[PDB]
Every structure is written in C-alpha cells, then in structure tokens.
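Residue numbers (the deposited numbering), protein chains in the order written: chain P, 1 to 112; chain K, 2 to 122; chain D, 2 to 214; chain 4, 1 to 37; chain 0, 2 to 54; chain N, 2 to 117.
Notes follow once the structure below has been shown.
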Amino acid sequence: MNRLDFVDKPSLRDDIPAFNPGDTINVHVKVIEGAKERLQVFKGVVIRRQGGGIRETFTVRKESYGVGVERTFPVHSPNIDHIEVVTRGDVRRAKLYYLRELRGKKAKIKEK
Amino acid sequence: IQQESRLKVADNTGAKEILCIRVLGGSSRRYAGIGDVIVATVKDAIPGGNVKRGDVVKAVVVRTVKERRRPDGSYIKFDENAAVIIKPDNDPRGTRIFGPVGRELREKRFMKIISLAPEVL
Amino acid sequence: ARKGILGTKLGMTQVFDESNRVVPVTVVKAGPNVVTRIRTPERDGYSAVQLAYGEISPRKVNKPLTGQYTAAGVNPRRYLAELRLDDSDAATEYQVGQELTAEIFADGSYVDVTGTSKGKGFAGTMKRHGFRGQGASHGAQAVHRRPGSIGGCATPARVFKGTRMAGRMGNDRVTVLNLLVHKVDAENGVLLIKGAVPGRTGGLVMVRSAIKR
Amino acid sequence: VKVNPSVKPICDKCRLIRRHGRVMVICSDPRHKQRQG
Amino acid sequence: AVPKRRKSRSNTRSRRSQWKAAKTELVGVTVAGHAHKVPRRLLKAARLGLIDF
Amino acid sequence: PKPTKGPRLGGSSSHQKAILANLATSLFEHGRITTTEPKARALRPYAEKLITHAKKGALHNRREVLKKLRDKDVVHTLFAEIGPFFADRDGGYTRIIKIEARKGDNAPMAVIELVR
RNA sequence: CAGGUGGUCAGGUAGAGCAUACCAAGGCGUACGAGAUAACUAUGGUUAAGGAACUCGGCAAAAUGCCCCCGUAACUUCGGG
RNA sequence: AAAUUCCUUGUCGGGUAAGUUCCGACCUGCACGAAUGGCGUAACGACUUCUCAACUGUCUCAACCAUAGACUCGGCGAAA
RNA sequence: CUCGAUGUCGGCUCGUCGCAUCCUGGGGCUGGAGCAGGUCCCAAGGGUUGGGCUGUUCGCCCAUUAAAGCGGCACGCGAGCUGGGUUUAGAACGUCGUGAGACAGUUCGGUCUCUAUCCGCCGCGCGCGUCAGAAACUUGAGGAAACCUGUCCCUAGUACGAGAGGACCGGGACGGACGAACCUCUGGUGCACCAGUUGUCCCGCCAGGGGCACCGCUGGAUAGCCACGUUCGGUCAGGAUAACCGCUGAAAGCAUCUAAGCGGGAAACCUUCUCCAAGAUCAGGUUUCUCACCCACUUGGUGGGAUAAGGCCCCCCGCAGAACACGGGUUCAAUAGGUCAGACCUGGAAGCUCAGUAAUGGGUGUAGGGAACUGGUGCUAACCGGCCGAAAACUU
Ligand SMILES: CC[C@H]1OC(=O)[C@H](C)[C@@H](O[C@H]2C[C@@](C)(OC)[C@@H](O)[C@H](C)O2)[C@H](C)[C@@H](O[C@@H]2O[C@H](C)C[C@H](N(C)C)[C@H]2O)[C@](C)(OC)C[C@@H](C)C(=O)[C@H](C)[C@@H](O)[C@]1(C)O
C-alpha cells in the first residue's frame, strides 16, 4: 500500500485507546445540534471493529429507551475527540453480533 | 422499508402497527428513510382512544434497522422500526414519542419531533 | 487548452474533508512522469499533444517506438497516449521534451477521468443490461435470468440491430466526469480524486480537466 | 388562433390575406385571428 | 430445431476445413542417442530424461 | 495456497483436499511423482508449504502437518530427512517437469519433484 | 438400461426404530477422461431491510420439528376436537 | 344471487387501504325443494373457496458460492 | 393464403414504432383580474409508479403522482416463459331432450415437445486486403448510447386583487426515479481461512487432531464479484426550425410577417458531450524502424530460398479470459510459485506450568492459524528456442 499507505498516513489519529470488541467505551462525538457546537457522549459497548487502518470503524451499541442503537463510528474520524473507554473485557468473539437480548440479563458482558 | 411494511408507531396515540400504504415524496419511490413521510394504515391501536384501525394516515419514520450513513462517515442502526404519525402542518398527531429518533430529522424539518424526542440521535 | 495528464490509479481510500465529512476518494498516481511530443494542427490537423508515461527498460520496447522516443528526445515510456488541445496550436503552451506533473489540477479543479473498465466477462443480459429477468418460482420452467423475447412475429421477421443481447461486456473506455480533486501530492506523486475512477487498480487513466465547470 | 380548415371573415374588419402557405385572416383584434389548415 | 435444408457442399466443406490441428517441434535436441525433435513444450524432460522415446 | 478458481480438482473441495494430501504423501514418500499438470499446479504451493513446516521442525509444525497428511510415518520422514534437506532453500522446494500427455484423455502430464 | 423382481440373515455406536448419522463382516470406487471461475440451465447453499407487496393461487421454499412438564376454546354423536 | 342467478360487480352490513372472491341477511328462485333425498352434520379430507399470525429470495431486486452441463483438449460418435 | 397444422386469451420478459400528447417544452385564443382554468396550434426527446377485486382486457376503488397516454407490430412476444381462461376425456347443479346426450349456462380436476442448419441479432476470433514489410499514436465519414422530473427558499406576500387568495421572470437549496463506474465505507456472499461444536470412526492409547454427516452445524470473515453502497451523469452553450411572433414592404398610391429581404423562436433536427469507428475497398494521416539478399531459369520478369524490422507458436501468468483474443513476463526477471516482514480475517494455538473434587479457568502470549492485498528476496518455473516475415511494373 506504500504510496496509498502514504495517502492515508498524514490522515491518521493518535493516542486513541486500545479497544477490541467487548470493551464498553464512551465516544464523545462532535455534533452541531442547535448551537455553534455540541458534544454527545454516546456510551455503549464495542460490538465490532472492522479494521483496515484509517478505514477502521467500531460499532458502539447503546440501549437507549427499551430500544437499542448500533452507532457505527469510524476510528480516526474527526467528529470524535474522546473515545473514553469505560470498562475493558477479554471476550470470546471478535464481532459480538449476538447482542439481541434487551432483557438485560445477558446484555452485560462480564468484567475483566 | 416500503409499501406493506409494519413498523411500530412510537407515540402516545395508541397505534402499535401501521402498514405503510405509500412512500410519499416521489413517483415510483420505494424506500422511506429515517425521516420521510409515509402514508400508513392502522393495523393495531387501542379501541376507543385517539385513533381507530384502518385509517389512511401519514406518518414519519424515526427508526430504520438499515444503517443510515451520515455524510460524516458514521452510521445509525436501530433495533426496531418506528413511525410517529403526523399532521399536515409540522406537528405530530401525538405529544410524546418513545425512544430515540434518528437525527436525520432536523433536515426534513418537523423540528417538533426532534423537540419532543426523549433523545435525538 | 484543456489541461490533462496521464497516470495510473493506486486504489481507493477515504479522506476526511475540511467540514468534517468523508471523501470516498480514489488515488491516482498522475505523478511527474508525463512528457510530450506535440501534434501540430498543420502537419496532421489535430492540435493535440502526445503525453508519455511509464518506466520501461530499452530492451522492453521495439525499434519503431524507441525511434519515436529518440526523435522526440525522451527515454521510452510504457504508455504513450494523446490528448486533443484546441482549434489552436499557440506554439508556446507545450514543447517536445516537456515535463508534466499532477500539479496543474489545483485542489478543487474538477477533472473528468477516462480509462478502460474492468471486464465484467462474457456477461449475460442481466449483468450486462439489467433485465428484470423472468420469475423464479411460479412455474417459470427454465427462463429465470433469460432474456425473454426478441421482437415480434412476421413484419420484423428479424431481430432489430442493437437488440440488447448477451455478449462480452467490460473493458470499454469510460469517462467519469466532474471528479473534484480533493488533494494533490506533488511531493510523492499522487492526485486524490473525490469519486470512483474507472478501471483496474494499477491501470492507465487519463485525468483531463473538466468541460462542465 | 382558431384553426378550422374552412376560413371566412367574422366581422367587417377581417382581411383574407394569404401568408406563406397557410391562408390566415386578420381583423387586427385577436378575438379569433383564425387560420386555415 | 432441425436443419431446415441440407447444406450446399460449399458450406459443408468450407467449415470442415476449419477443423485443423496445431503444431510445434523443436528440432535438433541432443539427448541420449541421435538428436530427437521433441516439442518446445517438453524439452526439459527431454534433456533430463523423463520422456518416452 | 490461495484457492483455485473454477472447478476444484477431483470432484468438489473435499475430494480436492483428499487428492492434495494423497499427492503430498506420495511426494514425501518417493520425491518424484507424476500427475496431470493441473494436479501438480495445485500441489506445488501446498507441498512447498508443508516442507516449510518440515524445515521448521517442532511439535507444532508436526501437529500442523499431521492436520494434512494423516500418515504418521511419511511425516516422520518429512520431519526427519526431507525437512533438514532444505537447510538452505528459502522457498523453492519442488520442481515441475513436463511429461507427454497421457494417452486416453490427452491429459497433460507433469512430474513434480522435491528439488533433490 | 437410474425402472421392476418373491423370501431369508441382518453387527456396532447415538437413537424409540429394521428411520437417520458414522462404522464391522463383507463389498465397491461400474466402465469416457483432463481441465476450465463464460453466458445460461439443473441441483443444493446463504442474504442485508421489508415480509405475500409475487401470484390465477403462499405454487415452490421457509418456518414449526423432539423429550419432558404445565395449559388447552368453540362445538360435540360425548368418542372426540 | 346457491357447485343451482341471465341480467350480475343485484342490495345492505362484516372483513380490506382498496374485496367482481369470502361471510351474514334480504328473496322478481331466468331455472331450488324433499330418499333422481330437503336442511343440517362433531370427526375426517394430498377436495374446492376465503381470511389470519409464524415464516420465508415468492417479491420489491436481485447478488454471491459448490457441484452436473455448457466451453476447451484427446476417444468413439448419433438423430429428427 | 394456410386443413399432408399459420399453437387461441390474459400475465410475464424483451421490445419496438406511430401521433390521434397524459406529463415535461414553446405558443394563440379565452366569457383569460391573480391562481388558475377551458379550448385550439407546434412538438415524440425522455417519462408515463405501487396495490385491492377479477383468468379477466374491461373496469371500480385505495395511496399517490409531474403524469399515472392511445395505439401498431399474427388483438407484437409459448423452437422465450405461465396455463389462471378458452373448446378433449372425469364429476355436480340448474335447464333442454322419452333417451343417448345438451347448453358463448355454471363449478371443481385436467402432459406446454425439439441438441438451432440459413437468415436475424449479440460477442469474439482467423484469413486477406489496405501496391515493400512492420510498429505507436491516433484523424473522423458514418454510427450508437443518452435526452425524465418534483419540491422548497428569496424575488415577494411583489404584481393582480374588496379580501380569502395570489403571480410571471430571475437566483439558490433539497430530492425522486433511471443509467454508468467503482469496492473506500455500509451490506450480501464466501466448498484450500479462523474458532466453537453435536453423532461416529480413525490416527495404538491420553493429549492433539483428522475423515464423513447440506461446507455437518453455528459465530465471524480479507480478496474477488456484487447492491442495499459510494461517486458521477442528465446539462450549460451554438445553428437551423415548427407553431406562433416581428421588422422593412409592395403588387393592389393603402393594410399586411411575404412576393424580394431580415429577426425572434422549443425537451423535437444537426451541432455540444460520452462511447465505437479507415473492411470509410473513398481501405486516411503524423512519425519511427528495416532495405542489395543469395540460387536457378526464359537475361529479365518469375518462382524459390535467406533473413531485416516485426509479429507469432512454445513456456510463467493475469482483478484478461468460454476457445481465440487482450495485457504482463522470460535471467539484465520480480511474471506466477515459494520464502520473509507487513495490511487484514479469526480470536487467544500446542506444550509446559499453576488453580480447581472436577467441568473448566488463569500464565507463557495480540498468542496461533491463514487465501487472494502490499513490499522484499534470485530458491522453483518461465529452459542454452521454432516459426512467419521485405526488395516495389510504371507514367506529367
Ligand atoms: C414426450 C414428448 C411429447 O411432448 C408433448 O406432450 C407436447 C407438449 C405435445 O403437445 C400437447 C400438449 C399440450 C398440453 O401442450 C402443448 C397441448 O396444448 C397440445 C394440444 O398437445 C406436442 C407438441 C403436440 O404438438 C401440438 O399438438 C397440437 C395438436 C397442434 C400443435 N400446433 C398447433 C401444431 C402442436 O404443436 C403433439 C402433436 O402431440 C399432441 C406432438 C405429437 C408428436 C405427440 O403426441 C408426441 C407423442 C408428444 O407426446 C411429444 C411431443 O412427443
């Protein structure tokens, strides 16, 4: 990719935490809803990290009001300035596409 | 999300089901997004309340399971489809709505649902 | 003049723009490797320019081609394409032995990029023409995906010319217009192009400035 | 114009002129302005 | 469908003649014995030995 | 080995697995093995990877070679002689040669050999 | 010749079974082959969102599937269902 | 208004978003009617007709995959 | 005409043409205030949806919509499909006939055959031609494709109007449907990937695996292909025009758009654009390369042979492909393979160790496995090759 690798090399993001699926994280995103700026702290669990470099995206799954939301952010995306990780976790899968309980009992991935 | 698609009415008017009769907005348009008026019959409401069954009434979609791309580069996938009935004036027929709403509604501008949503986006 | 240049494409990426959007962008190495051999509108009535681009060894090219590179005074290049210019020659815009680079396209200047497609094979009338081919269940004996009919019975007792039929599609030179260049890397060659360039990754692509502004 | 292919004058001001193939009339008041064929 | 008519021997013969057979031979190949003209495809097993004849 | 496009060898992919493991068993038995050229084209990468494990030489390499060649003993020979025999070659363990096409199907035959 | 042809014996393991899956005795690889990512056809597979909108018609597929345990309507000829 | 009705999509209600089909009632029954059985009739039905949920590539709108063919090569080698 | 067979309706698929235009374009009149509306003229380039009832065209209706054309082509289209309807044989009703049977009366059930020879069309090649032989770029005669449209904001609540209402013309935004291209993102798939896993068998046994059960099944899944994805397109602009409008202006001292003249004028025509294209036999052009080259005749021409430049055939390949073609490569090589380091996929190897009654869990340890994507590296295969290829008869 060396020269396409260079096409994206000055287009990276830095110091962002290490996080794999399972980690509950807390994405402070830039959204301009109403005023001249706003930050929405989308908290949830990373149920996916489809990688690639800059092309790498995670999918934070929140459970909002008896209804979930699967919000697929790109890493390195400039509408993100704080991917706070709340809680880590070493889970079995790499894509956590089973999170369809919403009864909560098994909606929580056990700690690590 | 098209004609013959039951999607749960999330507002305080009793309806839990609407089969989209039409997708209002274009000739031979098919798929209604997060925030585009659909027609909808009423498959299932409370008997006696605000609305009955079988009513050809508009509605606005606030939840589609299919990911909507925002022109930033991120997506918004929801768990279950949802449409708040509306009036022809920039007002929802209902007064509150249950659950988040796709922010893709500040643009189509019924900015009274984005007002009365429990959480926008 | 219509400022154009050759180049090959290195693949797609996405780059984030000023307004915090996404630019699903194609990288085209139009790098500073395009030299010329003018075509007078008097000797041969074009007013076009002969842009070369490529890196091959002498051993790799045959005698006629290397002779044309020597008579132009340049070391051979794998490709050698041509670009029309105008109703005018103007005798100062170019020169035989000139050098180009992707730098002319000035970060916003819309280009229209042309090149041969990816061969979609010997593709039948649904990968080729978009036929809502006949049904799949209700008794349709064998004619799923199959054309259907070709015209009527006795007056056109013949199939009209240009009837949409199965055949080898792909590879035909296509021109995708109005591709707003997002960035230009004259410091390692490439040119970003907000859009979808036609062709195999690593293939010839002529990046012409637009005509529609 | 009212185009009927049998053209007559309406009032005492229509002029059955001929004008480049079609035979039109003019009463200088476009109430009819009719024209033939 | 069936042949509506039989073929004029012109057409018949004209594409019985497009029923050719290919060719290649690489003459003068010294191997054990007198130089055999094995094809350019096989001449490595001609040299090494892994060829009958 | 990248996969093959087009119809897999023998019958389906399962018979292709079995074919490849059999051809590699007898390759690491005799060294010189004749097949039809497409079988050898499919087997050259596959066998060269196995021999890469051979010249690695550890219980994990033995256990990842026994996941192709069932035979304990041809693999004993693999991780005994054929393995160390390639103490030098980094890649390039086998060698295809062209035989004359099998009478009866005109199948282009090829002999694949461990380099020595 | 992919059909049909009476009766006999019929093991293991899982299983209720002589079904089914894998195997023993015993058989066999049964008779054109090598390839090859064309369309298209057949046989199977899976599919985002929606769920009959397809259609003459839910045709076809899908789902349900089993063991145990509760529970089980109308109507009934009082057995049922 | 029926396996029975021509006019005919008779009329009115239920169902539908919209119901020439279905259900109930009406009743000028062209042309019902009592062992050529009349009206019913629980269970039964690879019967016909309709509605409803599960469900699904049926469909919106198709895509990809594997084998048997097709295609290529060697062998024999038809037919209407 | 066809009876030694011209397969009938409706639907589907695919079209295609006409204008008698539903919309979009330009207009005239209007009993046209504005919105509009109604009628006539020109205009075929695009477009002209989804459903409910019906075998149904026919319709009626629901929700739209810019609009939801009317026709032709064997009421287009069954060697392209479905077979619901018609008009086979079974069966029942009502009615007719003594009766067998009957009913453009009804109601259930009721086999849709063919490996494509010629034309046609869609793609691909081989041979020759193109007055020496090539090679690269191309000119562009002639073609084809393509041509849709809505809302909103200012203008401006302006004009027009008692007022509800309410502009034209112009500038900008947001879309719908259609098409093309690409695979970055989303998403689909994934028969040589990873892990989990149920039955059974095997590898002597345990551990660790593996064979088969739709790939056994289940969770993923890079490449590739693709759409549900992204991006791009539709145009602006010129010429001649139709309807219509107009100037100058007679005959026919006027009046006229017409006779001479000139101007406006549209999604329709040629242009503009995208694509093919010199087999455009009218077979083009710019440039570059090779040019004694030996035998025999009837000196010569004429055959032969040899080669030049070039190309092919072999071989290694390809995200190029049915074959062929096309493109890349051939030792001065990174073309395939292998090997190494990557990007990614999976998800935490085996062994050893420690905890645990054990199931199993922690450590070694982003482990380990691995396919396509990237870059290295001369180890394997591109192999001391075969072929086919010029020399012009000459004139003002
Ligand atoms: C094993 C294969 C069989 O395939 C079929 O069943 C076909 C589908 C038939 O269509 C059947 C089945 C049918 C249901 O579908 C087509 C039906 O509609 C039709 C009446 O006969 C035929 C093709 C009929 O042709 C058609 O028959 C009509 C009388 C005239 C038609 N055309 C006007 C000249 C003509 O094409 C045919 C005469 O048999 C009678 C053919 C005759 C040789 C036979 O009877 C053969 C024994 C047939 O069994 C067969 C072909 O071998």
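Just so you know, even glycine gets a beta-carbon here, dropped at the ideal spot from N, CA and C.
Contact check, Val30 (chain 0) vs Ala47 (chain 0), beta carbons under 8 Å: Contact flag set, yes.
Checklist line | Selection from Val28 (chain D), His145 (chain D), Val182 (chain D) that minimises the alpha carbon distance to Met127 (chain D) | finding: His145 (chain D)
Alpha carbon to alpha carbon, how far is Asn76 (chain D) from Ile39 (chain D)? Give it in angstroms, no decimals.
16 Å
Taking the beta carbon of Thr59 (chain P) as the centre, do at least 16 other beta carbons fall within 10 Å, making it buried, or is it exposed?
buried
Would DSSP call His20 (chain 4) helix, strand or coil? coil
Checklist line | DSSP three-state assignment for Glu105 (chain K), whether helix, strand or coil | finding: coil
Verify the CB distance criterion: does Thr87 (chain P) have a CB-CB separation below 8 Å to chain K? no
How would you write the range of the alpha helix (DSSP H) that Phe6 (chain P) sits in, first residue to last? Boundaries of the alpha helix (DSSP H) harbouring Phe6 (chain P): 2-8, taken from the DSSP string.
Taking 6 Å as the limit between beta carbons, can you name the residues of its chain near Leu7 (chain D), skipping five residues before and five after? The answer, listed in chain order, is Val35, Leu52, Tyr54, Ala82, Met207.
Problem - Opening and closing residue of the alpha helix (DSSP H) in which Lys119 (chain D) lies - result: From DSSP, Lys119 (chain D) is part of no alpha helix (DSSP H); its letter is neither H nor E.
Quiz item: Would you say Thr72 (chain P) reaches chain K, if we count a Cβ-Cβ gap shorter than 8 Å as a contact?
Solution: yes
*Near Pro101 (chain K), which residues of its chain fall below 6 Å by C-beta distance, leaving aside the five closest residues on each side in sequence?*
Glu120
*Sub-8 Å separation of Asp18 (chain D) and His183 (chain D) beta-carbons*: yes
- Query: What in chain D is Cβ-close to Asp73 (chain K), meaning under 7 Å?
  - Reply: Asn21, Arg22, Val23
On the three-pair Cβ rule with 8 Å, is the segment 38-47 of chain K touching the segment 11-24 of chain P?
-> As far as the Cβ criterion goes, the segment 38-47 of chain K does not touch the segment 11-24 of chain P, which means the pair count is below three.
Note to self: Which residues in chain N have a C-beta closer than 9 Å to the C-beta of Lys24 (chain 0)? List them in chain order.
What the structure shows: Under the 9 Å cutoff, chain N gives no residues; its nearest Cβ is about 15 Å from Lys24 (chain 0).
Is the shortest distance between the beta-carbon of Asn26 (chain P) and the beta-carbons of chain K less than 8 Å? no
Q: Grab the span of the alpha helix (DSSP H) containing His16 (chain N) for me, first residue to last.
A: 14-31
### Task
Find the nearest neighbour of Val116 (chain N) within the set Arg63 (chain N), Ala25 (chain N), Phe87 (chain N), judged by alpha-carbon distance.
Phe87 (chain N)
Problem - Supposed close pair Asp80 (chain K), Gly68 (chain P) - CB separation, criterion 8 Å - result: Contact holds; Cβ gap of about 4 Å.
- Task: Give a yes or no on whether the C-beta atoms belonging to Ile83 (chain P) and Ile25 (chain P) are separated by under 8 Å.
- Result: yes
Item checked: Inter-residue spacing [alpha-carbon to alpha-carbon] between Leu70 (chain N) and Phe123 (chain D) -> Near 40 Å, if we compare the C-alpha coordinates of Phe123 (chain D) and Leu70 (chain N).
Tell me whether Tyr94 (chain N) is buried or exposed, calling it buried when 16 or more other Cβ atoms sit within 10 Å of its Cβ. Within 10 angstroms of the beta-carbon of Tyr94 (chain N) lie 16 or more other beta-carbons, which makes it buried.
Exercise. What are the partner residues of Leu39 (chain P), as DSSP defines its beta bridges?
Worked result: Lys30 (chain P)
_Neighbourhood of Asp56 (chain K) by C-beta, 6 Å cutoff - its chain only, sequence neighbours within 5 removed_ = When the five nearest sequence neighbours on each side are left out, the beta carbons in the same chain lying within less than 6 Å of the beta carbon of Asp56 (chain K) are those of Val43, in order along the chain.
Check the Cβ of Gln15 (chain D) against every Cβ in chain K and list those closer than 8 Å, keeping chain order.
Chain K residues near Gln15 (chain D): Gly74.
(request) Would you please verify whether the beta carbon of residue 221 (chain D) is less than 8 Å from any beta carbon of chain P? (result) Nothing can be reported for residue 221 (chain D): it is not among the residues displayed for chain D, which extend from 2 to 214.
Provide the residue(s) that pair with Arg69 (chain K) in DSSP beta bridges, ordered along the chain.
As DSSP reads the structure, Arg69 (chain K) sits in a beta bridge with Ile77 (chain K).
- Task: Closer than 9 Å, Cβ to Cβ, to anything on chain D: give me those residues from the segment 1-30 of chain P, in chain order.
- Result: Identification of residues in the segment 1-30 of chain P having a C-beta nearer than 9 Å to some C-beta of chain D yields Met1, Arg3, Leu4, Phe6, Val7, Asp8, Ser11, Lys30, given in sequence order.
Under 8 Å between C-beta atoms of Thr36 (chain N) and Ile113 (chain N):
yes
Notebook entry, point to check: Comparing alpha-carbon positions, which option in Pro148 (chain D), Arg174 (chain D), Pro42 (chain D), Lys119 (chain D) lies nearest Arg165 (chain D)?
Noted result: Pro148 (chain D)
For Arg42 (chain 0), would you say it is in contact with chain N, using Cβ-to-Cβ distances shorter than 8 Å as the test? yes
| said: Whole angstroms are fine: how far does the CA of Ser14 (chain N) sit from the CA of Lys6 (chain N)? | reply: Between the alpha carbons of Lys6 (chain N) and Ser14 (chain N) lies a distance of about 11 Å.
Which residues in the same chain have their Cβ closer than 6 Å to the Cβ of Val86 (chain P), if we skip the five residues on either side of it in sequence? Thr24, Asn26
ask   = What residue from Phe42 (chain P), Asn79 (chain P), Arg93 (chain P) has the CA that sits closest to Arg49 (chain P)'s CA?
value = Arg93 (chain P)
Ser15 (chain 0) lies in the alpha helix (DSSP H); which residues open and close that run? 10-17
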